[PDB]
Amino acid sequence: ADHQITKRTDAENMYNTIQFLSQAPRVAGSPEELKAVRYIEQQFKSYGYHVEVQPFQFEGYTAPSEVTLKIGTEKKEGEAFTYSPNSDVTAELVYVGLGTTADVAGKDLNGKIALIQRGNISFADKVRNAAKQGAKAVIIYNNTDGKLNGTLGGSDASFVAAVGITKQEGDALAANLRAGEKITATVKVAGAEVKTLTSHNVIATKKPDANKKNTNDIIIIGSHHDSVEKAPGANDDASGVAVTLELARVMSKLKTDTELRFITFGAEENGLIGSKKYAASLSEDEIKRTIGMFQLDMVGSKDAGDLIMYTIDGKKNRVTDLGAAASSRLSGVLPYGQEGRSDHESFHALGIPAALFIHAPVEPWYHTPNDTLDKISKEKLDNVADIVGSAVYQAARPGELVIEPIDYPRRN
């Protein structure tokens, strides 16, 4: 049965899809994401699918044109968090630890700027905890090497301006504050705006066509079609879109007893928005009948590592059983592990068995301008398509699903 998939997975199709998509970054809600949506829809229609396009609005952020941070009179290197409010505040700097509700209750922040150490709780909550105490701005300092870029997750008027700074620069400020120094800081953020944008999911469904053998089961194969600002997104996640399209073309050649939904999600990089909107469209019957959701994200880089399957809870489920079974016949041992950070989290949240397929450890080009077509491996793309497609077809081929026992290891 695996031969029905492996003789048909065309790695030139997949590379051509990445080449098309990665001519420019596809930031969610932008004209280039809309172009991708149209392209994706056309490809599915070309394989014979009826396609639906689900729109959704979300709050986008335009990054501030000025980010001025000063300690006294010395200017410092500052990165505005995404969704940071504007500010122009000069005031006393107060160290409040990790910024928990505990950490901030005891201190006087009204009118002041909070210095807060990265860790434990969300950037969002650190900002809100300080702002609830009257902080006019928040400086968050790193837990680890290099710059602190990040996000408050979404628009929120409980926030006050929030800027991230190096562990080196913050550790030193925190030391001086602990030592009894009174420090004054300036936090000026200007030109940031929140604006409503519209993104989309592209959904192509193959109804079962096996007559008396047809089951009520559904399998979702997903990827996301947006990329981060300035990243061409060839691997993150044109690769997964390309495997999603290619497997829909392959399955169009075959009888199936299981409904397959091939989906590309919008606004993944914004916090899984499009898969949360698609999961919220499902009825209770659809949720109970969905036997697995396969998420393909970063599945073509020559510079990443071996394939792994990640689940939200680090437990095995039907999708990791099918991925391990297909790999054992095609490639070898396929490990699993625990990780979120992609659209499988939206389906796990409904109780649906779900896993992310990704090459790990990831390449250095992730979320950079160097995430480009010249890092793509056709052989990797083909191997992921053979494994994921054979895992899906193990259930979707006509006849009762059987999974034979197979050990496979958890890897961290």
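Residues carry their position along the shown sequence, with the first being 1.
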67-75 or 221-229, whichever carries the higher mean Cα B-factor: 67-75
Higher-B stretch (mean Cα B-factor, as the entry records it), 160-168 or 253-261: 160-168
Top residue by Cα temperature factor, when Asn201, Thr311, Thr184, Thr244 are compared in the entry: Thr184
C-alpha B-factor winner, where the candidates are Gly292, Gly332, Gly153, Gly340: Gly153
Chain-wide C-alpha B factor ranking for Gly351, given as lowest, middle or highest third: middle
Ranked against its chain, the third holding the CA B-factor of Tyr39: lowest
Third of the chain, ranked by Cα B-factor, where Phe357 sits: lowest
Chain thirds of CA B-factor: placement of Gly146: highest
Cα B factor band for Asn383 (lowest, middle or highest third within the chain): lowest
